[PDB]
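This document starts with one chain, in the form deposited in one PDB entry, laid out as structure tokens.
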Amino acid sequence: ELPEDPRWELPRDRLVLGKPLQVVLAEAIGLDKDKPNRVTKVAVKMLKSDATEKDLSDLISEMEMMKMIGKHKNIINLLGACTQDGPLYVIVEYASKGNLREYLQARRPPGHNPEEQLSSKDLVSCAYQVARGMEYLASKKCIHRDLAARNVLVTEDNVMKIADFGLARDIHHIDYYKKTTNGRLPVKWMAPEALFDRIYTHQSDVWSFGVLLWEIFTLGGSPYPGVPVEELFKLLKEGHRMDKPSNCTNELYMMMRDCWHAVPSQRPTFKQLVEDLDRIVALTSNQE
């Protein structure tokens, strides 16, 4: 078996497994020591049938990184684990409204008959919450390496939570040509120094955060639509920068451009971005 950790261990019989989200929705009974009769909706990460000892090592590594990083409102938090006498279950916060790309696309104005719409303030608030999560992760020396709307999850109460911050990635084993579930190329979020020289820093995460701002203000738009990997390289070498979204202020576009500084040292930090977004949220209208 695996070494037990009574900080985190939840008995297997307290976890009611549900539908697939390998991640499944579950109900945890008595997740809190001081509340044994409460059911909490949670997300449970586990191994598939075909999983190797590498796959199991990777899942343990992610869980250990989460214990190490500790709790923040704007990240997907570890809640517990089932490690003894059965398959490994890593129990994390459940975000009922899915990833931020989906959440934004679902709330586009009619064109599509959505039940809800977002104000300008709501969009900036989203950006602020992600910046604050990233400021926390950077403070714990965590480099995300794939910060994108697809890796931000939205809770029932519309809280933004950074996901997949603990993930094991062999960066020398990346397939630049492999597309996401949704058919997009993750290379389109990578800083040039990460992409060409495989150097990942908090500064390359700020570059990704610039692409994430662009996703927010396009309500889940696809960066460089129709651009293959070889053409993206030529664009980045030429110093191409994506156009300003409509319904994006000059100030937020300059923030995106600052995140996209060719010189990593000249990008704003997440600490900087949190302060600036805090000010902009307060001055942004929720009336449209």
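Think of the rigid core as the biggest set of C-alphas that the two forms share within 1.5 Å after superposition. Heads up: residue numbers just count along the shown sequence, starting at 1.
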Of the other entries that cover residues on both sides, do at least a third skip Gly98? no
Hey, does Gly111 drop out of the model in a third or more of the other PDB entries compared here? yes
Absent coordinates between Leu21 and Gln22 - deposited residues affected, binned into four classes: 4 to 9
Counting only residues from the deposited sequence, how many are left out of the model between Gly111 and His112 (none, 1 to 3, 4 to 9, 10 or more)? 4 to 9
On mean C-alpha B-factor from the PDB entry, just flag whether 181-189 or 120-128 is the higher one. 181-189
Between 96-104 and 161-169, the record assigns the higher mean Cα B factor to 161-169
According to the deposited entry, which of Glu230, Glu251, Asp50, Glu27 has the largest Cα B-factor? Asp50
The largest CA temperature factor among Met46, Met242, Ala262, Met256 is found at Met46
In terms of its chain's C-alpha B-factors, the third that includes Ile174 is the highest
Lowest, middle or highest third: where is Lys271 by C-alpha B factor in its chain? lowest
Sort the modelled residues of this chain by their C-alpha B factor and say whether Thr218 lands in the lowest, middle or highest third. lowest
C-alpha B factor of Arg145, ranked within the chain: lowest, middle or highest third? lowest
What third of the chain does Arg198 rank in for C-alpha temperature factor, lowest, middle or highest? highest
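Another form, the form deposited in another entry, is not on view; read the next lines as being about it.
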After the core is superposed, which of these residues, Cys248, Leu59, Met255, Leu232, moves its CA 2 Å or more between the shown form and the other one? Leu59
After core superposition, I'd like to know whether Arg184 moves between the shown form and the other one (criterion: C-alpha shift of 2 angstroms or more). yes
Using a rigid core alignment, state whether the CA of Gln84 is displaced by 2 Å or more between the shown form and the other one. yes
If we fit on the core, is the Cα of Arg169 displaced 2 Å or more between the shown form and the other one? yes
In the other form, the Cα separation between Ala168 and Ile143 changes by 3 Å or more relative to the shown form; did it shrink or grow? closer
Classify the change in Cα distance between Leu236 and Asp170 in the other form as closer or farther, relative to the shown form (magnitude of 3 Å or more). farther
